[PDB]
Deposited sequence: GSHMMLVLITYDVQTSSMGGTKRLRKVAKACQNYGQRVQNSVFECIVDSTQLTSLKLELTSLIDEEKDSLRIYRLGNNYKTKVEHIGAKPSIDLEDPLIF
């Protein structure tokens, strides 16, 4: 019952506050997984971990300016361009 979960975080980093929110979101997601691009994370989590992480993420983002999408994927992925 472990799941691959993809988290995509849309935040304006032109501001120092949006910069800090990304750093906080990255730190939260990296407890459960990997930062694969600047604001994209791949976490392998069970249901309890996903509930905990979603709750934490909800407290970290600006729900009026940012958005976060969570994709639930026993799971193909291609990478083109620079390695991060």
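Where along the deposited sequence are residues missing from the model? Unobserved in coordinates, per deposited numbering: 1-2, 76-77, 80-81, 91-100.
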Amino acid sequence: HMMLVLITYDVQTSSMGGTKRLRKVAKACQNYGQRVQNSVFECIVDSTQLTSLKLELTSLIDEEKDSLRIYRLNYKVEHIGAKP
From here on, numbers count along this sequence of modelled residues.
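Give the stretch, out of 52-60 and 38-46, with the larger mean C-alpha temperature factor in the deposited entry. On average, C-alpha B-factors are higher across 52-60.
For the chain shown, is the CA B-factor of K20 in the lowest, middle or highest third of its modelled residues? According to the entry, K20 has a C-alpha B-factor in the chain's highest third.
Considering every modelled residue of the chain and its Cα B-factor in the PDB entry, is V11 in the lowest, middle or highest third? According to the entry, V11 has a C-alpha B-factor in the chain's middle third.
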